[PDB]
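Novice: Next up is a structure, given as structure tokens.
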Amino acid sequence: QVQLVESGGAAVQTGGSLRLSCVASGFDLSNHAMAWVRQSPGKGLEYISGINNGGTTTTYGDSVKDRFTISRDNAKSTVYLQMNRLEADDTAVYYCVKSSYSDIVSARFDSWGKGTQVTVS
Amino acid sequence: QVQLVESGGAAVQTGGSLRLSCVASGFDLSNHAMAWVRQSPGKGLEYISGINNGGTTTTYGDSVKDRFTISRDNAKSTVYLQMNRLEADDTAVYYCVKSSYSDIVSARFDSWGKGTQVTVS
Amino acid sequence: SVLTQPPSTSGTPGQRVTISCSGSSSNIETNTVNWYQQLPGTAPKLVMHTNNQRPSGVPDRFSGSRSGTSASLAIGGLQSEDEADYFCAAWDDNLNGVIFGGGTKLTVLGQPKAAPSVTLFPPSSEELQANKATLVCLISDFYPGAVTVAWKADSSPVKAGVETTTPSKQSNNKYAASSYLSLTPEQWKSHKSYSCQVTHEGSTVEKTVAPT
Amino acid sequence: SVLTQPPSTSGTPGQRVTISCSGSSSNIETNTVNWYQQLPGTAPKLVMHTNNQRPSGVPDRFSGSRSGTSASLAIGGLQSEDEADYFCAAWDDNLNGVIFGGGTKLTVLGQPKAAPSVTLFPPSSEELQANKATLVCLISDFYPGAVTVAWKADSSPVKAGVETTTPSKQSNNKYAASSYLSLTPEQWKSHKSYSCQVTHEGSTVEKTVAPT
Ligand SMILES: [Cl-]
Ligand SMILES: [Cl-]
Ligand code: NA
Ligand code: NA
């Protein structure tokens with residue numbers, strides 16, 4: 001069955017870096033665009049970054065551009081998120097999502113992971 | 001499949017009365033002892049009343065004796081709880097539970113309902 | 001930054017409720033809308049895509065629409081299991097990405113509604129001696145359990161240093177919460193007054209305190 | 001009235017934790033013990049019966065025992081999905097019924113522990129003019145998120161009129177809660193002082209205020 005598993009969340013210091021992973025199972029990752037969605041405690045959903053199936057187009061949320069970078073390895077069935085120059089406002093749970101389409105052009109997210117927590121102190 | 005469904009919870013006034021129902025499905029009710037368990041918001045579990053499969057033995061929690069009464073109708077597959085002279089300390093969620101044994105002699109409760117809420121104002 | 005949704009709505013069992021979401025020429029007018037449902041402590045789930053199409057495993061009482069720059073999600077025959085937080089979402093050409101709504105918390109009523117009691121507390125003398133000035137705005141005895149809070153220094157909005165707790169059910173089955181603002185003793189004496197305003201289903205109450 | 005359990009315990013993933021439950025000659029010594037597991041907002045579930053027998057669908061890492069007047073529930077290889085509240089239970093001949101434990105909240109650690117900051121607030125002047133005297137004891141920046149609170153009038157315990165909110169996660173991923181005591185202006189001026197004591201994983205902190 002279709003499953004998304006995230007890993008890498010930890011408690012780090014302000015200004016540090018961290019790298020998150022999302023392993024996909026039960027489908028062909030090379031046919032789907034992917035993205036990251038985060039949620040701070042008691043607040044709403046926020047779009048972080050997205051990438052198309054070929055990795056040739058990337059977009060970012062306004063709060064994380066020039067700081068975060070998204071990548072993927074279709075043969076290893078894995079999506080990554082590199083986070084640099086962290087600040088306290090990055091403390092949230094980060095979800096790995098999969099789109100039905102092969103391109104990052106919509107807000108349709110059919111599958112969600114369980115999420116990983118990041119703490120900035 | 002085995003299922004327990006409760007009904008009757010409502011918001012009433014201090015000193016009033018209320019009658020709760022629990023309908024059982026998926027098994028033979030006449031082979032099992034039954035009981036009621038309640039939980040006040042943010043607090044623990046509390047034993048309210050129990051009855052054996054033949055209805056010949058009944059026990060009560062110390063806080064509700066002389067006020068509450070338990071009964072059953074095996075042909076209608078239903079258990080009842082009559083609550084009289086209600087007080088604010090009776091505000092809680094009330095669970096209908098089923099024992100594996102035919103007698104009310106243990107704290108083994110194999111199946112639980114979803115519960116009904118009672119508010120005393 | 002976000003699409004506009006009402007912060008909270010409610011209805012009685014069997015009733016039909018609708019949730020609004022309003023956008024701009026940059027998003028909803030030119031891009032389709034998606035709806036997501038989230039229960040406490042779990043991931044959000046898609047319940048509607050491409051304006052008005054339902055995923056498999058979503059009851060027929062759910063329905064979506066789009067008109068101009070706004071959308072709506074209709075739920076008929078309210079059941080207890082529909083109590084959740086609902087978000088709208090669409091692509092946005094100005095942001096080059098996805099824009100979300102603020103979220104609407106839906107409650108299935110089971111007791112009479114009640115307006116909150118609000119009490120505001122100035123700093124205590126023991127914490128002022130440890131070079132601290134924290135204010136508390138106590139909010140109690142309200143239903144349904146969703147509120148929004150805003151602080152002001154004199155008459156200007158304050159956002160930094162604000163924390164508000166998730167509403168909690170108490171012994172009378174009504175909700176309570178607290179909001180605290182962490183200040184330094186200079187900021188507190190710097191201004192003429194501070195204020196705490198609470199919003200509950202559209203209605204508002206405000207309180208004010210001052211250094212003595 | 002109840003069996004004695006620790007209010008909270010924790011461990012790191014992969015670790016092995018144990019939960020205690022101690023009774024009397026009226027219950028545990030002569031009657032077998034049962035264990036129940038409850039996740040937030042759902043009904044409790046049996047995970048162990050007849051001292052040390054596991055229902056079908058309960059991992060082999062769960063294990064129970066009984067010795068004298070006490071029992072224990074052991075969990076090996078802690079996983080995230082084990083975070084819940086655990087109750088013990090047994091029949092009691094003095095009560096002629098079932099006696100429950102107080103409940104133990106188990107947390108799977110994912111960040112460093114932290115002791116709570118406590119601040120106590122006397123009544124505000126606006127609420128005193130409306131014939132009201134409510135005290136607030138603010139508790140913030142603690143982990144894991146479980147606390148126990150006790151109030152005192154001078155030196156005597158007070159139980160009536162106390163409400164405490166369920167701990168809430170805030171923007172730094174630490175927890176916060178509030179406890180308020182509703183008094184009349186006579187009761188408040190009647191005594192020399194009031195106190196608020198907070199317990200967190202066995203450790204205690206206390207504060208005191210007085211009418212000025
Ligand atoms: Cl596929
Ligand atoms: Cl049977
Ligand atoms: Na395919
Ligand atoms: Na049978």
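We name chains A, B, ... following the order of the structure tokens; residues begin at 1 in each chain, and ligands are numbered from 1 as shown.
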Please identify all protein, DNA and RNA residues within 10 Å of ligand 1, counting only C-alpha atoms and all ligand atoms, and report them as a VMD selection string.
Specialist: chain A and resid 2 26 to 32 100
Novice: With N, CA, C and O atoms kept, could you save the residues just selected as a tab-separated table (two decimals), in the first residue's frame?
Specialist:
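What follows is the written file part29.tsv:
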chain	number	residue	atom	x	y	z
A	2	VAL	N	0.25	2.39	-0.37
A	2	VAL	CA	0.97	3.65	-0.46
A	2	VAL	C	1.32	4.14	0.94
A	2	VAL	O	0.45	4.23	1.82
A	26	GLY	N	5.11	1.65	-2.12
A	26	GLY	CA	3.82	1.26	-2.65
A	26	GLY	C	3.41	1.91	-3.96
A	26	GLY	O	2.27	1.71	-4.39
A	27	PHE	N	4.30	2.67	-4.59
A	27	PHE	CA	3.98	3.31	-5.86
A	27	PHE	C	5.28	3.74	-6.53
A	27	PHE	O	6.37	3.65	-5.94
A	28	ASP	N	5.16	4.21	-7.77
A	28	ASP	CA	6.31	4.67	-8.54
A	28	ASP	C	6.51	6.16	-8.27
A	28	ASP	O	5.71	6.99	-8.72
A	29	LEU	N	7.57	6.49	-7.54
A	29	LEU	CA	7.82	7.88	-7.16
A	29	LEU	C	8.13	8.75	-8.37
A	29	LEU	O	7.82	9.95	-8.36
A	30	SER	N	8.73	8.18	-9.42
A	30	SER	CA	9.14	8.95	-10.58
A	30	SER	C	7.97	9.46	-11.42
A	30	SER	O	8.22	10.13	-12.43
A	31	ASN	N	6.73	9.16	-11.04
A	31	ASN	CA	5.56	9.63	-11.77
A	31	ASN	C	4.84	10.77	-11.07
A	31	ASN	O	3.82	11.24	-11.57
A	32	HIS	N	5.35	11.24	-9.93
A	32	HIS	CA	4.59	12.14	-9.07
A	32	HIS	C	5.44	13.31	-8.60
A	32	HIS	O	6.62	13.14	-8.28
A	100	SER	N	-1.13	13.92	-7.06
A	100	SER	CA	-1.59	12.99	-8.09
A	100	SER	C	-0.94	13.28	-9.43
A	100	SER	O	-0.80	12.38	-10.26
Novice: Write out as a list in words which residues come within 12 Å of residue 156 in chain D when counting only C-alpha atoms, dropping same-chain ones fewer than 6 positions away.
Specialist: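 Final neighbour list, sorted by chain and number: residues 150, 191, 192, 193, 194, 195 and 196 of chain D.
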Novice: Could you write out that same residue set with C-alpha atoms as a compact mmCIF listing (two decimals), in the first residue's frame?
Specialist:
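Dumped everything to result_13.txt:
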# COMPACT_ATOMS: atom_id res chain seq x y z
CA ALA D 150 -2.46 21.73 45.05
CA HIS D 191 -6.91 34.47 55.48
CA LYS D 192 -3.30 35.54 55.87
CA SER D 193 -2.07 34.00 52.60
CA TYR D 194 -2.78 31.55 49.78
CA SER D 195 -0.38 29.14 48.09
CA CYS D 196 -0.05 27.21 44.82
Novice: What are the residues of chain D lining chain A at 8 Å or less? Count only C-alpha atoms, and put the answer as a VMD selection string.
Specialist: chain D and resid 110 to 111 169 to 173
Novice: Distance CA of residue 98 in chain C-CA of residue 74 in chain C, one decimal place?
Specialist: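 Here the two named atoms are 22.6 Å from each other.
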Novice: Write down, as a ChimeraX atom specification, each residue of chain D that has any atom within 8 Å of an atom of chain C, counting only C-alpha atoms.
Specialist: /D:119-124,127,163-171,176-178
Novice: Counting only C-alpha atoms, what is within 10 Å of residue 79 in chain D, bar same-chain residues fewer than 4 positions away, as number ranges by chain?
Specialist: D: 11-15, 75, 83, 108
Novice: Could you give me the residues within chain D that DSSP places in strand (DSSP E), as JSON, numbers by chain?
Specialist: {"D": [8, 9, 10, 11, 17, 18, 19, 20, 21, 22, 33, 34, 35, 36, 37, 38, 45, 46, 47, 48, 62, 63, 64, 65, 66, 67, 70, 71, 72, 73, 74, 75, 85, 86, 87, 88, 89, 90, 91, 92, 97, 98, 99, 100, 104, 105, 106, 107, 108, 117, 118, 119, 120, 121, 133, 134, 135, 136, 137, 138, 139, 140, 141, 142, 148, 149, 150, 151, 152, 153, 156, 157, 158, 162, 163, 164, 168, 169, 175, 176, 177, 178, 179, 180, 181, 182, 183, 194, 195, 196, 197, 198, 199, 200, 203, 204, 205, 206, 207, 208, 209]}
Novice: Print the selection's residues with C-alpha atoms to a file, as an mmCIF file, in the first residue's frame.
Specialist:
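Dumped everything to selection.cif:
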data_model
loop_
_atom_site.group_PDB
_atom_site.id
_atom_site.type_symbol
_atom_site.label_atom_id
_atom_site.label_comp_id
_atom_site.auth_asym_id
_atom_site.auth_seq_id
_atom_site.Cartn_x
_atom_site.Cartn_y
_atom_site.Cartn_z
ATOM 1 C CA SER D 8 3.581 10.376 35.021
ATOM 2 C CA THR D 9 6.604 8.487 33.635
ATOM 3 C CA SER D 10 8.716 8.582 30.453
ATOM 4 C CA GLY D 11 11.554 6.949 28.531
ATOM 5 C CA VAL D 17 9.648 1.293 31.188
ATOM 6 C CA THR D 18 7.576 -0.109 34.050
ATOM 7 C CA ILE D 19 4.391 1.208 35.670
ATOM 8 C CA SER D 20 3.585 0.528 39.324
ATOM 9 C CA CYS D 21 0.278 -0.055 41.103
ATOM 10 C CA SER D 22 0.033 -0.723 44.848
ATOM 11 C CA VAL D 33 -5.343 -7.189 38.281
ATOM 12 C CA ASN D 34 -6.292 -5.709 34.898
ATOM 13 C CA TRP D 35 -4.615 -2.973 32.846
ATOM 14 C CA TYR D 36 -6.303 -0.507 30.484
ATOM 15 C CA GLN D 37 -4.820 1.845 27.877
ATOM 16 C CA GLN D 38 -6.476 5.105 26.799
ATOM 17 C CA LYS D 45 -8.821 -0.537 26.038
ATOM 18 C CA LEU D 46 -7.892 -3.722 27.898
ATOM 19 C CA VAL D 47 -4.246 -4.685 27.315
ATOM 20 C CA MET D 48 -3.799 -7.207 30.140
ATOM 21 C CA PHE D 62 3.745 -5.830 27.086
ATOM 22 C CA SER D 63 4.017 -7.865 30.279
ATOM 23 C CA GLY D 64 2.341 -7.868 33.678
ATOM 24 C CA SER D 65 3.055 -9.236 37.130
ATOM 25 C CA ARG D 66 1.733 -9.267 40.684
ATOM 26 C CA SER D 67 3.626 -9.607 43.968
ATOM 27 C CA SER D 70 1.361 -4.524 44.237
ATOM 28 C CA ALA D 71 1.452 -5.099 40.483
ATOM 29 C CA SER D 72 3.488 -3.897 37.514
ATOM 30 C CA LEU D 73 3.126 -3.468 33.751
ATOM 31 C CA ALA D 74 6.350 -3.681 31.742
ATOM 32 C CA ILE D 75 6.794 -2.265 28.231
ATOM 33 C CA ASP D 85 -2.644 6.915 29.919
ATOM 34 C CA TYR D 86 -2.570 3.561 31.727
ATOM 35 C CA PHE D 87 -4.934 2.522 34.539
ATOM 36 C CA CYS D 88 -4.860 -0.457 36.885
ATOM 37 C CA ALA D 89 -8.000 -2.088 38.258
ATOM 38 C CA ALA D 90 -9.108 -4.884 40.578
ATOM 39 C CA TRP D 91 -12.084 -6.045 42.608
ATOM 40 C CA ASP D 92 -12.266 -4.857 46.218
ATOM 41 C CA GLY D 97 -16.918 -3.355 43.515
ATOM 42 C CA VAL D 98 -14.103 -2.351 41.190
ATOM 43 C CA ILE D 99 -11.354 0.024 42.331
ATOM 44 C CA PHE D 100 -9.240 1.892 39.774
ATOM 45 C CA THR D 104 -0.103 7.073 34.686
ATOM 46 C CA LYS D 105 0.636 9.245 31.607
ATOM 47 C CA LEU D 106 3.554 7.847 29.574
ATOM 48 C CA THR D 107 5.645 10.051 27.271
ATOM 49 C CA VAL D 108 8.179 8.984 24.637
ATOM 50 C CA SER D 117 8.202 28.324 35.553
ATOM 51 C CA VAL D 118 5.457 29.253 38.068
ATOM 52 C CA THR D 119 3.902 32.692 38.616
ATOM 53 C CA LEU D 120 1.016 33.472 40.983
ATOM 54 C CA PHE D 121 -1.387 36.395 40.600
ATOM 55 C CA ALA D 133 -11.752 37.307 43.717
ATOM 56 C CA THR D 134 -10.107 34.790 41.375
ATOM 57 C CA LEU D 135 -6.453 33.755 41.629
ATOM 58 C CA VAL D 136 -4.327 32.500 38.731
ATOM 59 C CA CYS D 137 -1.224 30.281 38.917
ATOM 60 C CA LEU D 138 0.536 30.307 35.532
ATOM 61 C CA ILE D 139 2.691 27.273 34.667
ATOM 62 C CA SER D 140 4.849 27.402 31.542
ATOM 63 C CA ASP D 141 7.865 26.018 29.669
ATOM 64 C CA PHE D 142 7.847 22.445 30.985
ATOM 65 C CA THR D 148 -0.270 18.119 39.466
ATOM 66 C CA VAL D 149 -1.395 21.192 41.425
ATOM 67 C CA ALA D 150 -2.458 21.728 45.047
ATOM 68 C CA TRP D 151 -3.785 24.879 46.732
ATOM 69 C CA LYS D 152 -3.673 25.967 50.371
ATOM 70 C CA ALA D 153 -5.498 28.608 52.409
ATOM 71 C CA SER D 156 -4.960 24.068 55.089
ATOM 72 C CA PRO D 157 -5.673 22.232 51.815
ATOM 73 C CA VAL D 158 -8.382 23.681 49.568
ATOM 74 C CA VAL D 162 -10.290 24.631 41.727
ATOM 75 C CA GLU D 163 -9.960 24.208 37.958
ATOM 76 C CA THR D 164 -6.816 23.301 36.013
ATOM 77 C CA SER D 168 -0.946 22.749 25.842
ATOM 78 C CA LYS D 169 2.003 22.772 23.446
ATOM 79 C CA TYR D 175 3.938 22.913 27.468
ATOM 80 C CA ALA D 176 1.863 25.430 29.413
ATOM 81 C CA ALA D 177 -1.231 25.332 31.619
ATOM 82 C CA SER D 178 -3.160 27.436 34.115
ATOM 83 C CA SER D 179 -4.934 26.842 37.421
ATOM 84 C CA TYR D 180 -7.502 29.267 38.829
ATOM 85 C CA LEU D 181 -9.260 29.371 42.208
ATOM 86 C CA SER D 182 -12.595 31.193 42.454
ATOM 87 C CA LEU D 183 -13.119 32.973 45.783
ATOM 88 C CA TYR D 194 -2.780 31.553 49.778
ATOM 89 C CA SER D 195 -0.380 29.142 48.087
ATOM 90 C CA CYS D 196 -0.047 27.208 44.819
ATOM 91 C CA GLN D 197 2.227 24.153 44.624
ATOM 92 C CA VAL D 198 3.147 22.416 41.354
ATOM 93 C CA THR D 199 4.536 18.879 41.036
ATOM 94 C CA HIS D 200 6.430 17.712 37.931
ATOM 95 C CA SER D 203 9.724 17.526 42.087
ATOM 96 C CA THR D 204 7.878 20.422 43.710
ATOM 97 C CA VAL D 205 7.762 24.230 43.583
ATOM 98 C CA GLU D 206 5.527 26.500 45.686
ATOM 99 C CA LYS D 207 4.496 30.171 45.625
ATOM 100 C CA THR D 208 2.478 32.408 47.959
ATOM 101 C CA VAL D 209 0.540 35.702 47.789
#
Novice: Measure the distance from CA of residue 64 in chain B to CA of residue 159 in chain D in Å and round it to one decimal.
Specialist: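 Separating CA of residue 64 in chain B from CA of residue 159 in chain D is a distance of 20.4 Å.
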Novice: So which residues of chain B fall under helix (DSSP H, G or I) by DSSP, listed as a ChimeraX atom specification?
Specialist: /B:29-31,88-90
Novice: Can you write out the residues you just picked, keeping C-alpha atoms, as a short mmCIF file (atom, residue, chain, number, x, y, z; two decimals), in the first residue's frame?
Specialist:
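This went into selection20.cif:
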data_model
loop_
_atom_site.label_atom_id
_atom_site.label_comp_id
_atom_site.auth_asym_id
_atom_site.auth_seq_id
_atom_site.Cartn_x
_atom_site.Cartn_y
_atom_site.Cartn_z
CA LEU B 29 -26.19 -10.52 26.08
CA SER B 30 -27.76 -13.11 28.41
CA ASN B 31 -24.34 -14.77 28.89
CA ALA B 88 -22.88 18.84 39.64
CA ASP B 89 -20.39 16.14 40.54
CA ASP B 90 -22.22 13.74 38.18
#
Novice: Just the residues within 8 Å of range 44-46 of chain B, please, counting only C-alpha atoms, with nothing from its chain fewer than 5 positions along; format it as an MDAnalysis selection string.
Specialist: (chainID B and resid 37:39 61) or (chainID D and resid 99:103)
Novice: Identify, on the basis of only C-alpha atoms, every residue whose closest approach to residue 190 in chain D does not exceed 10 Å; exclude the query and any residue fewer than 6 positions from it along the same chain; express the result as a PyMOL selection string.
Specialist: chain D and resi 153-154+184+211
Novice: Within 7 Å of residue 78 in chain A, counting only C-alpha atoms, which residues show up once you throw out same-chain ones fewer than 4 positions away? Write them as number ranges by chain, please.
Specialist: A: 21-24, 72-74
Novice: When you count only C-alpha atoms, which of these residues is closest to residue 51 in chain D: B:81, B:112, B:98, B:106?
Specialist: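 Of the candidates, the smallest distance to residue 51 in chain D is held by B:106.
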